[PDB]
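Rule-based calculations on the coordinates, nothing more; no lab input. As a convention, Cβ positions derive from the backbone with ideal geometry for all residues, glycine included, and neighbour counts pool all protein chains shown.
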RNA sequence: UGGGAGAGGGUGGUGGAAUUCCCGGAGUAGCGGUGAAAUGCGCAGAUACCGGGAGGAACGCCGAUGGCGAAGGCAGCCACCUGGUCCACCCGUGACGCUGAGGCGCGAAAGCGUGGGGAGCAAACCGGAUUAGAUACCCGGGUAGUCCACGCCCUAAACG
RNA sequence: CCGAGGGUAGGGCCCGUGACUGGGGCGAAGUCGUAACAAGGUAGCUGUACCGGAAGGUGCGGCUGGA
RNA sequence: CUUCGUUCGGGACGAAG
RNA sequence: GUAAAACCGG
RNA sequence: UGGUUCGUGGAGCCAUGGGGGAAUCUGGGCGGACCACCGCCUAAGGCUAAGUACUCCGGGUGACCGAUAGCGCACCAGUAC
RNA sequence: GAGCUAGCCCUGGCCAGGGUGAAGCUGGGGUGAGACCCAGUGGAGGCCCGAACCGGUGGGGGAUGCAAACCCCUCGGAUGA
RNA sequence: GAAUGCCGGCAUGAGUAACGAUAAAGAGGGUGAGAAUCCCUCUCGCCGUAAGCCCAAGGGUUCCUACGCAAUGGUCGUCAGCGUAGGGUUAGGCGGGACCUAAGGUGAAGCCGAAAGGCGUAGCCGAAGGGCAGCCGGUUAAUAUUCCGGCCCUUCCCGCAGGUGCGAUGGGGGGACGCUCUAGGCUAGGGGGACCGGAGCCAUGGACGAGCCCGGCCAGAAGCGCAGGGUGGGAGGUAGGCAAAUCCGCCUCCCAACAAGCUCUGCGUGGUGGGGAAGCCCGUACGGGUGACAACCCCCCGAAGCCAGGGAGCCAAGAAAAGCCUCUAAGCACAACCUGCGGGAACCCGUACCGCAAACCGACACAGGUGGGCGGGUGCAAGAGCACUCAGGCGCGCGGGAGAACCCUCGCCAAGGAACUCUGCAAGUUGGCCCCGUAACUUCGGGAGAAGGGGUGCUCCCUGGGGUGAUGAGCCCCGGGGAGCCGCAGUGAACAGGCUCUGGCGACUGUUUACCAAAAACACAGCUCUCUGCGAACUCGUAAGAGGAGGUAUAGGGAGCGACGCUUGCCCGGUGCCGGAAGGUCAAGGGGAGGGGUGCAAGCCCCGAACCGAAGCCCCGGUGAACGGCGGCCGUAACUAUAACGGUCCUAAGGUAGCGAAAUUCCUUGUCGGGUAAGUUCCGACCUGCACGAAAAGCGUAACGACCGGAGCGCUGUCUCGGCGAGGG
RNA sequence: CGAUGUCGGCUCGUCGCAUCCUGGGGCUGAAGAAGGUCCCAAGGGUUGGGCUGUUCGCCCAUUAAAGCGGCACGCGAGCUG
Ligand SMILES: [Mg+2]
Ligand SMILES: [Mg+2]
Ligand SMILES: [Mg+2]
Ligand SMILES: [Mg+2]
Ligand SMILES: [Mg+2]
Ligand SMILES: [Mg+2]
Ligand SMILES: [Mg+2]
Ligand SMILES: [Mg+2]
Ligand SMILES: [Mg+2]
Ligand SMILES: [Mg+2]
Ligand SMILES: [Mg+2]
Ligand SMILES: [Mg+2]
Ligand SMILES: [Mg+2]
Ligand SMILES: [Mg+2]
Ligand SMILES: [Mg+2]
Ligand SMILES: [Mg+2]
Ligand SMILES: [Mg+2]
Ligand SMILES: [Mg+2]
Ligand SMILES: [Mg+2]
Ligand SMILES: [Mg+2]
Ligand SMILES: [Mg+2]
Ligand SMILES: [Mg+2]
Ligand SMILES: [Mg+2]
Ligand SMILES: [Mg+2]
Ligand SMILES: [Mg+2]
Ligand SMILES: [Mg+2]
Ligand SMILES: [Mg+2]
Ligand SMILES: [Mg+2]
Ligand SMILES: [Mg+2]
Ligand SMILES: [Mg+2]
Ligand SMILES: [Mg+2]
Ligand SMILES: [Mg+2]
Ligand SMILES: [Mg+2]
Ligand SMILES: [Mg+2]
Ligand SMILES: [Mg+2]
Ligand SMILES: [Mg+2]
Ligand SMILES: [Mg+2]
Ligand SMILES: [Mg+2]
Ligand SMILES: [Mg+2]
Ligand SMILES: [Mg+2]
Ligand SMILES: [Mg+2]
Ligand SMILES: [Mg+2]
Ligand SMILES: [Mg+2]
Ligand SMILES: [Mg+2]
Ligand SMILES: [Mg+2]
Ligand SMILES: [Mg+2]
Ligand SMILES: [Mg+2]
Ligand SMILES: [Mg+2]
Ligand SMILES: [Mg+2]
Ligand SMILES: [Mg+2]
Ligand SMILES: [Mg+2]
Ligand SMILES: [Mg+2]
Ligand SMILES: [Mg+2]
Ligand SMILES: [Mg+2]
Ligand SMILES: [Mg+2]
Ligand SMILES: [Mg+2]
Ligand SMILES: [Mg+2]
Ligand SMILES: [Mg+2]
Ligand SMILES: [Mg+2]
Ligand SMILES: [Mg+2]
Ligand SMILES: [Mg+2]
Ligand SMILES: [Mg+2]
Ligand SMILES: [Mg+2]
Ligand SMILES: [Mg+2]
Ligand SMILES: [Mg+2]
Ligand SMILES: [Mg+2]
Ligand SMILES: [Mg+2]
Ligand SMILES: [Mg+2]
Ligand SMILES: [Mg+2]
Ligand SMILES: [Mg+2]
Ligand SMILES: [Mg+2]
Ligand SMILES: [Mg+2]
Ligand SMILES: [Mg+2]
Ligand SMILES: [Mg+2]
Ligand SMILES: [Mg+2]
Ligand SMILES: [Mg+2]
Ligand SMILES: [Mg+2]
Ligand SMILES: [Mg+2]
Ligand SMILES: [Mg+2]
Ligand SMILES: [Mg+2]
Ligand SMILES: [Mg+2]
Ligand SMILES: [Mg+2]
Ligand SMILES: [Mg+2]
Ligand SMILES: [Mg+2]
Ligand SMILES: [Mg+2]
Ligand SMILES: [Mg+2]
Ligand SMILES: [Mg+2]
Ligand SMILES: [Mg+2]
Ligand SMILES: [Mg+2]
Ligand SMILES: [Mg+2]
Ligand SMILES: [Mg+2]
Ligand SMILES: [Mg+2]
Ligand SMILES: [Mg+2]
Ligand SMILES: [Mg+2]
Ligand SMILES: [Mg+2]
Ligand SMILES: [Mg+2]
Ligand SMILES: [Mg+2]
Ligand SMILES: [Mg+2]
Ligand SMILES: [Mg+2]
Ligand SMILES: [Mg+2]
Ligand SMILES: [Mg+2]
Ligand SMILES: [Mg+2]
Ligand SMILES: [Mg+2]
Ligand SMILES: [Mg+2]
Ligand SMILES: [Mg+2]
Ligand SMILES: [Mg+2]
Ligand SMILES: [Mg+2]
Ligand SMILES: [Mg+2]
Ligand SMILES: [Mg+2]
Ligand SMILES: [Mg+2]
Ligand SMILES: [Mg+2]
Ligand SMILES: [Mg+2]
Ligand SMILES: [Mg+2]
Ligand SMILES: [Mg+2]
Ligand SMILES: [Mg+2]
Ligand SMILES: [Mg+2]
Ligand SMILES: [Mg+2]
Ligand SMILES: [Mg+2]
Ligand SMILES: [Mg+2]
Ligand SMILES: [Mg+2]
Ligand SMILES: [Mg+2]
Ligand SMILES: [Mg+2]
Ligand SMILES: [Mg+2]
Ligand SMILES: [Mg+2]
Ligand SMILES: [Mg+2]
Ligand SMILES: [Mg+2]
Ligand SMILES: [Mg+2]
Ligand SMILES: [Mg+2]
Ligand SMILES: [Mg+2]
Ligand SMILES: [Mg+2]
Ligand SMILES: [Mg+2]
Ligand SMILES: [Mg+2]
Ligand SMILES: [Mg+2]
Ligand SMILES: [Mg+2]
Ligand SMILES: [Mg+2]
Ligand SMILES: [Mg+2]
Ligand SMILES: [Mg+2]
Ligand SMILES: [Mg+2]
Ligand SMILES: [Mg+2]
Ligand SMILES: [Mg+2]
Ligand SMILES: [Mg+2]
Ligand SMILES: [Mg+2]
Ligand SMILES: [Mg+2]
Ligand SMILES: [Mg+2]
Ligand SMILES: [Mg+2]
Ligand SMILES: [Mg+2]
Ligand SMILES: [Mg+2]
Ligand SMILES: [Mg+2]
Ligand SMILES: [Mg+2]
Ligand SMILES: [Mg+2]
Ligand SMILES: [Mg+2]
Ligand SMILES: [Mg+2]
Ligand SMILES: [Mg+2]
Ligand SMILES: [Mg+2]
Ligand SMILES: [Mg+2]
Ligand SMILES: [Mg+2]
Ligand SMILES: [Mg+2]
Ligand SMILES: [Mg+2]
Ligand SMILES: [Mg+2]
Ligand SMILES: [Mg+2]
Ligand SMILES: [Mg+2]
Ligand SMILES: [Mg+2]
Ligand SMILES: [Mg+2]
Ligand SMILES: [Mg+2]
Ligand SMILES: [Mg+2]
Ligand SMILES: [Mg+2]
Ligand SMILES: [Mg+2]
Ligand SMILES: [Mg+2]
Ligand SMILES: [Mg+2]
Ligand SMILES: [Mg+2]
Ligand SMILES: [Mg+2]
Ligand SMILES: [Mg+2]
Ligand SMILES: [Mg+2]
Ligand SMILES: [Mg+2]
Ligand SMILES: [Mg+2]
Ligand SMILES: [Mg+2]
Ligand SMILES: [Mg+2]
Ligand SMILES: [Mg+2]
Ligand SMILES: [Mg+2]
Ligand SMILES: [Mg+2]
Ligand SMILES: [Mg+2]
Ligand SMILES: [Mg+2]
Ligand SMILES: [Mg+2]
Ligand SMILES: [Mg+2]
Ligand SMILES: [Mg+2]
Ligand SMILES: [Mg+2]
Ligand SMILES: [Mg+2]
Ligand SMILES: [Mg+2]
Ligand SMILES: [Mg+2]
Ligand SMILES: [Mg+2]
Ligand SMILES: [Mg+2]
Ligand SMILES: [Mg+2]
Ligand SMILES: [Mg+2]
Ligand SMILES: [Mg+2]
Ligand SMILES: [Mg+2]
Ligand SMILES: [Mg+2]
Ligand SMILES: [Mg+2]
Ligand SMILES: [Mg+2]
Ligand SMILES: [Mg+2]
Ligand SMILES: [Mg+2]
Ligand SMILES: [Mg+2]
Ligand SMILES: [Mg+2]
Ligand SMILES: [Mg+2]
Ligand SMILES: [Mg+2]
Ligand SMILES: [Mg+2]
Ligand SMILES: [Mg+2]
Ligand SMILES: [Mg+2]
Ligand SMILES: [Mg+2]
């Protein structure tokens, strides 16, 4: 339900912001937050290792339950749905009946005032977490562990969903949001439903500065450079690239695969 | 305009002072030469 | 008041046949295609056969000189929501009616924007034949489109 | 004060004209193809979109002004 | 370029040069 | 269920 | 691969990173690929003065200098700057 | 050597004064319900003018300079990258 | 005797340029051997969102006083920020440390590296951040929130007095937070006053008058008063806050929905303490006395500061730890902790002075640069703008004359107005506010301050709103109408757009070559391709490790294009990349046919052919928003001309759409049309495109631009064509 | 080549004459007027604009005429750029 603006500037003409309409609660839970180290793209040697980063708004980290098998059988009430600046998706307060408060990453058509529960027992309804051997084939699902007891590491951006395509022994076959077909162990936990804020795709930033508020510095093309700096640099008056097109460090950027070929993961993988 | 030397006493001793030479092996060898040269100040003198 | 018929509309779900693709088994010197050929595909193991898997689109028989709708149009099945219409009883209001310049809404297909999806078909495009020449008819590939959600476009042999 | 009218600046409508250019109509009997009329030799027509020297062709849906 | 053959005639096509 | 095309005449 | 005069050369000898992997005097190394004979040594543990190098320091000496020379400094010089 | 300069991290501060008047609400108009239309409130924006602050557009002076980058007039940004 | 030789000395320019902002000087009197330059007085000018005060950094004795002038001072100097000597910096409350954490640094455990060393959880260090208890005056030649006076506070330690289960680095709460806009009430600050208190003055024509001039405060405990912030109170149940909790969290019924009540600040009043002008009289360069028993009152403006953790809206979603409160654990409950009182103890470092500058950074007493707070009044609509001026500080450390050329910085001009010139370069026109009125075009916001106009002062009268005051006088902020006065002229000074038409490029705001280029370059939202399934790809590093990221295909990396509208055509022959368990080729290795060297031989040691041998290459396909590329010659139509048409050679294919003498066009000032009297430029066309063309994007596009070009209007010393005056040389 | 700053414009001249004009003359297919061509002659003069960086050139409006060349394609310790 994406808000547009009237063009009372040049930059308001194209800028869209999100609707923020599922958000119920506008300051985060104090025992579940901790400060974020901003980096600049700089590593422990202090060298830039990802370029064109830095500058952002200040952020506090939200601690997210990415396991959900801490609390098998203990149900929880969805207390609030909140902004996280640290992911594309939204997050949900769970007031557990223990009175832990935890953040889960908030699925689509989760509404506030709702029983969720993790387990095998754990009926098939949106927000509940199960082993993948117990979810039916053909249902959409997210927050998927890759290897079991290791953490939700799959399908947790905004709008995303994996879909269960088959079982094979201990392993189940997932359709990833990339379209990859993928053997995942059935003891890996996974939280049902798609994620949403699925209008995160349709955001238009409007101006340069809304890139700078997210910590995205200007990105320099190597055609605009010198041959010390880039392959593509040089040339009096706008060369077309000289050569098959290429990184600053020399490897090609149109088509060249770098999946490492003897990966042990490559025999759990069926598709792209 | 604004020139090169903009002094700072915290800066001068945390960079050129005696405890900062005696971390690096390159800076203990600074003081060894300035022992051997004869220097009346090993280190830039800060209050 | 009491019933009836119907592919009438929207939403959610769901069943099978078939095409294509992937995998496994077995199996060979050809398969497709045409008026005839050729491009193409195939000993790097194809077509044809069996078994498993994925995905999309349309719903055979019923089925027509049928039905519904104001028109465009609507066809597997199930549930919900809902409009229109017909009959019987002659119970109530009691002339409350007919049409309709503007307005408003709907409006096949193609086409446009945003995203999704894409098995088959197939503008444009590429070949191979035909021809005197082929920007065509025929054949082999094939991108938008065809499908969905939202918003546009307002057209026709929108015909009885 | 108003004031015929003169002046300054900016709009609206109309007419004549204009290098160049689009298509229309009529001509001498020109050049190129064969689109339609008979199943006109791919049934024809139409809305739309694309392409093609050109009539036109194809895709989607529609019509009988054909079987 | 030329002669013949098919055609009502031309163009196409067929055969000898 | 159909049947390769084969132009024109001041 | 390094060392030795040895730069792959007929390339031995001495050390070694990787792989295979013995024996205890009838055992093992070497004598410049290799083999026979003839000879020389006894690896896979360690220590060991003297004779040798240098001059911060002290002394003696000089066909060494004599304040632009001699150490950058004869003089409160690694100082002023 | 990042006490100049380039970028980034942590923690503070600064931006006089005026205009323009987005969204949204309130009342009314409208509708079957709407979309929508008026006012009023509202105070948005890499909005406008213009001092501090940040720059350095054009010209003139300066050229053993006040200055190894200056001065006068003028000009750009000035709630944002 | 030379090497633009090295070191030192001294000449030339030459008594020449210059003596460091054009803010400005004059006189009288002192001291002195020596006064334009030092002291005093009078007059004049300059700053006054500073050229005036208070801090931080930096500097380190420059502060004060006494005695001096050899050098320093761009002149002098009796002076000094200079030489000699003496003095001067006083803290439980101010800043920092015996408190805390941030980035970052360090680092027991642990990981890594030939060595040196590199990482690294806890912990430690680490500050203009969080925390914490002093305000107002008076004294010195020089210190004071430090000494003194008055009035308030903060910790510990020891005692009694009264209460409770006390009790940790452990649990919880809290500290704790963004940007923009803002309400209520105060305060700092300011204005006025017929009211109050003051030495004094009627000047020169008038005035002894509600006359002129000066000043009418500050701090301050308890207690009140006014604003305002934080916060529910009980009862059960409990598996969570890595042991235990009565605490916190969660669940469930009751009492308010409220600041009602508890605290906690701010601001008034407050026991009391202090200050107190202008003028006059003096003896210093600095000050003192008097004026005074000082008065210390009332209205108005009003903060960006205070109550403060206030409220509302928004997205880009906004530090940590300690102090504080609460809870229990061992241990302790003759302890311990809390409240009140009494007594006692309260360390280390800094404190002078400059501090937009002569004391910091620029070799200089250098027109440059340097963070924070205060920054008065009047008028111009406002304002930190501009002009003048309180307080306060200055006339910038060479002067005196002259009145040439010439240069700088100004001022003005007949008639013409761009004829100047590469170009209106420069300079002039315009200029603030109020009110009329405003085009093409458009992405419907704009263009717009379009353009072009009218008014603006002063006096008198009537009259409408507010706010503070009772609904009222007053005081303050906004208007309306009528009548009249003066001047060439009413934002009368200062600060304050010239405009319009039309192209090129770039969408735009923005960024860039510090120190010759600010642009059409870069960047930018947005489009596409490609890689990447997570110990991801990519990057830094030998490694450990780290960024990526405490992210997960709506995400991250790389590349090109660069909002938006309509679009991005053909060629995969070579190169790149992607896909192929066939085949050819290919190293180590396996393999041993066979041959060789030595032995009397068992043996030892060498070559060494078939054959099995990976990637890669060859080969087979695909792929352009991958590297790239995208033809030539003849004939042909009722007048020439031209060629829709056809034939032919070659290529992998033979430039499609749209533009085109272009930021691309050599011949070229192509040929027409328009502007002009005249147009190598410009605009619109033709296409003969040397040598446009589709994401090294094509063609357009409103708005935007200190970009680049053309034209007109206004106006001017740019010019015809110069002249005169001014100040600094 | 241990430096001789280059085109064009402005300012400032000066020189040569193979003379554009004005002055004198011969011949003429010189009736007159106006011309053509040749000789003598440098004393003076030789306009203002549109285009373009232009030198040059093409135009516009005049003129008695709108002269050609040298002086480092004169002239940057004179200027512009
Ligand atoms: Mg670090
Ligand atoms: Mg480091
Ligand atoms: Mg870029
Ligand atoms: Mg470049
Ligand atoms: Mg480099
Ligand atoms: Mg390179
Ligand atoms: Mg080029
Ligand atoms: Mg090229
Ligand atoms: Mg290149
Ligand atoms: Mg009845
Ligand atoms: Mg329609
Ligand atoms: Mg359709
Ligand atoms: Mg579509
Ligand atoms: Mg998109
Ligand atoms: Mg097909
Ligand atoms: Mg042919
Ligand atoms: Mg086909
Ligand atoms: Mg019909
Ligand atoms: Mg016309
Ligand atoms: Mg014909
Ligand atoms: Mg026909
Ligand atoms: Mg037809
Ligand atoms: Mg037909
Ligand atoms: Mg076609
Ligand atoms: Mg059809
Ligand atoms: Mg034919
Ligand atoms: Mg060697
Ligand atoms: Mg060797
Ligand atoms: Mg050797
Ligand atoms: Mg060799
Ligand atoms: Mg070995
Ligand atoms: Mg070994
Ligand atoms: Mg033995
Ligand atoms: Mg050996
Ligand atoms: Mg030996
Ligand atoms: Mg041997
Ligand atoms: Mg031998
Ligand atoms: Mg031996
Ligand atoms: Mg031994
Ligand atoms: Mg030795
Ligand atoms: Mg000696
Ligand atoms: Mg001597
Ligand atoms: Mg010496
Ligand atoms: Mg820095
Ligand atoms: Mg404002
Ligand atoms: Mg509104
Ligand atoms: Mg605003
Ligand atoms: Mg702005
Ligand atoms: Mg602006
Ligand atoms: Mg300020
Ligand atoms: Mg600065
Ligand atoms: Mg800059
Ligand atoms: Mg400048
Ligand atoms: Mg200059
Ligand atoms: Mg401006
Ligand atoms: Mg501005
Ligand atoms: Mg000599
Ligand atoms: Mg010499
Ligand atoms: Mg010398
Ligand atoms: Mg001299
Ligand atoms: Mg003289
Ligand atoms: Mg001289
Ligand atoms: Mg002179
Ligand atoms: Mg002089
Ligand atoms: Mg001076
Ligand atoms: Mg005297
Ligand atoms: Mg003044
Ligand atoms: Mg200090
Ligand atoms: Mg100093
Ligand atoms: Mg001193
Ligand atoms: Mg004295
Ligand atoms: Mg002196
Ligand atoms: Mg002197
Ligand atoms: Mg004296
Ligand atoms: Mg002094
Ligand atoms: Mg002194
Ligand atoms: Mg202590
Ligand atoms: Mg400490
Ligand atoms: Mg600490
Ligand atoms: Mg070590
Ligand atoms: Mg470390
Ligand atoms: Mg650390
Ligand atoms: Mg602090
Ligand atoms: Mg304190
Ligand atoms: Mg003092
Ligand atoms: Mg004090
Ligand atoms: Mg005291
Ligand atoms: Mg307790
Ligand atoms: Mg705590
Ligand atoms: Mg806490
Ligand atoms: Mg006060
Ligand atoms: Mg007051
Ligand atoms: Mg009085
Ligand atoms: Mg008098
Ligand atoms: Mg007063
Ligand atoms: Mg409660
Ligand atoms: Mg517990
Ligand atoms: Mg309340
Ligand atoms: Mg008081
Ligand atoms: Mg009080
Ligand atoms: Mg007094
Ligand atoms: Mg708030
Ligand atoms: Mg915290
Ligand atoms: Mg601590
Ligand atoms: Mg406690
Ligand atoms: Mg101590
Ligand atoms: Mg002090
Ligand atoms: Mg002081
Ligand atoms: Mg300051
Ligand atoms: Mg200065
Ligand atoms: Mg200085
Ligand atoms: Mg100094
Ligand atoms: Mg300097
Ligand atoms: Mg120095
Ligand atoms: Mg000086
Ligand atoms: Mg001075
Ligand atoms: Mg400053
Ligand atoms: Mg003020
Ligand atoms: Mg003021
Ligand atoms: Mg005022
Ligand atoms: Mg006035
Ligand atoms: Mg004003
Ligand atoms: Mg202020
Ligand atoms: Mg001012
Ligand atoms: Mg004064
Ligand atoms: Mg004039
Ligand atoms: Mg005049
Ligand atoms: Mg005029
Ligand atoms: Mg001109
Ligand atoms: Mg001229
Ligand atoms: Mg111009
Ligand atoms: Mg100008
Ligand atoms: Mg004016
Ligand atoms: Mg305009
Ligand atoms: Mg407007
Ligand atoms: Mg105006
Ligand atoms: Mg007046
Ligand atoms: Mg009132
Ligand atoms: Mg008030
Ligand atoms: Mg007037
Ligand atoms: Mg003005
Ligand atoms: Mg323009
Ligand atoms: Mg142009
Ligand atoms: Mg731009
Ligand atoms: Mg520059
Ligand atoms: Mg530089
Ligand atoms: Mg600019
Ligand atoms: Mg510049
Ligand atoms: Mg785009
Ligand atoms: Mg590496
Ligand atoms: Mg991370
Ligand atoms: Mg990591
Ligand atoms: Mg991506
Ligand atoms: Mg990306
Ligand atoms: Mg570009
Ligand atoms: Mg292309
Ligand atoms: Mg190709
Ligand atoms: Mg290819
Ligand atoms: Mg190929
Ligand atoms: Mg390959
Ligand atoms: Mg071998
Ligand atoms: Mg071999
Ligand atoms: Mg072998
Ligand atoms: Mg291979
Ligand atoms: Mg002809
Ligand atoms: Mg042809
Ligand atoms: Mg084409
Ligand atoms: Mg032209
Ligand atoms: Mg023309
Ligand atoms: Mg013309
Ligand atoms: Mg043109
Ligand atoms: Mg052209
Ligand atoms: Mg070109
Ligand atoms: Mg191009
Ligand atoms: Mg090109
Ligand atoms: Mg391209
Ligand atoms: Mg472009
Ligand atoms: Mg264009
Ligand atoms: Mg464009
Ligand atoms: Mg448009
Ligand atoms: Mg444009
Ligand atoms: Mg600009
Ligand atoms: Mg700009
Ligand atoms: Mg002049
Ligand atoms: Mg003059
Ligand atoms: Mg004069
Ligand atoms: Mg003068
Ligand atoms: Mg030379
Ligand atoms: Mg020379
Ligand atoms: Mg020279
Ligand atoms: Mg002559
Ligand atoms: Mg004559
Ligand atoms: Mg004559
Ligand atoms: Mg005559
Ligand atoms: Mg004659
Ligand atoms: Mg003459
Ligand atoms: Mg002469
Ligand atoms: Mg002109
Ligand atoms: Mg020009
Ligand atoms: Mg020339
Ligand atoms: Mg001449
Ligand atoms: Mg020459
Ligand atoms: Mg010359
Ligand atoms: Mg020059
Ligand atoms: Mg020149
Ligand atoms: Mg010269
Ligand atoms: Mg220039
Ligand atoms: Mg130039």
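Restricting attention to region A:219-229, does a residue exist that is away from ligand 9 (no atom under 16 Å from the Cβ) and either away from chain B (no Cβ under 14 Å) or over 18 Å from the mean Cα position of the chain (by Cα) (or both)? Yes; the residues of region A:219-229 include at least one that is away from ligand 9 (no atom under 16 Å from the Cβ) and either away from chain B (no Cβ under 14 Å) or over 18 Å from the mean Cα position of the chain (by Cα) (or both). Examine region A:171-185 for a residue that is within 16 Å of ligand 7 (Cβ to nearest atom), surrounded by 14 or more Cβ atoms within 10 Å (Cβ to Cβ) and assigned to a loop (DSSP other than H, G, I, E, B), and state whether such a residue exists. No, region A:171-185 contains no residue that is within 16 Å of ligand 7 (Cβ to nearest atom), surrounded by 14 or more Cβ atoms within 10 Å (Cβ to Cβ) and assigned to a loop (DSSP other than H, G, I, E, B). Among residues of region A:150-170 being touching a residue at least 40 places away in the same chain (Cβ under 8 Å) and outside any loop (DSSP other than H, G, I, E, B), the one that is surrounded by the fewest Cβ atoms within 10 Å (Cβ to Cβ) is A:153.
Out of curiosity, is residue A:205 farther than 30 Å from residue A:184 by Cβ and more than 16 Å from ligand 6 (Cβ to nearest atom)? Answer is yes for this residue.
In region B:26-39, the residues that are away from chain A (no Cβ under 14 Å) form Cβ pairs under 6 Å with partners that are surrounded by 11 or more Cβ atoms within 10 Å (Cβ to Cβ), at six or more places apart or across chains, as follows: B:27/B:21; B:28/B:22; B:30/B:21; B:31/B:21; B:31/B:42; B:34/B:42. Applying the criterion of being in contact with a helix residue (DSSP H, G or I) (Cβ under 8 Å, 6 or more places away or on another chain) and free of Cβ contacts under 8 Å to residues at least 60 places away in the same chain to the residues of region A:25-65, the residue that is surrounded by the fewest Cβ atoms within 10 Å (Cβ to Cβ) is A:63. Listed here are the strands (runs of 3 or more DSSP E) enclosed by region A:35-149 that have at least 2 residues being within 16 Å of RNA strand H (Cβ to nearest atom) and under 20 Å from the mean Cα position of the chain (by Cα): A:60-62.
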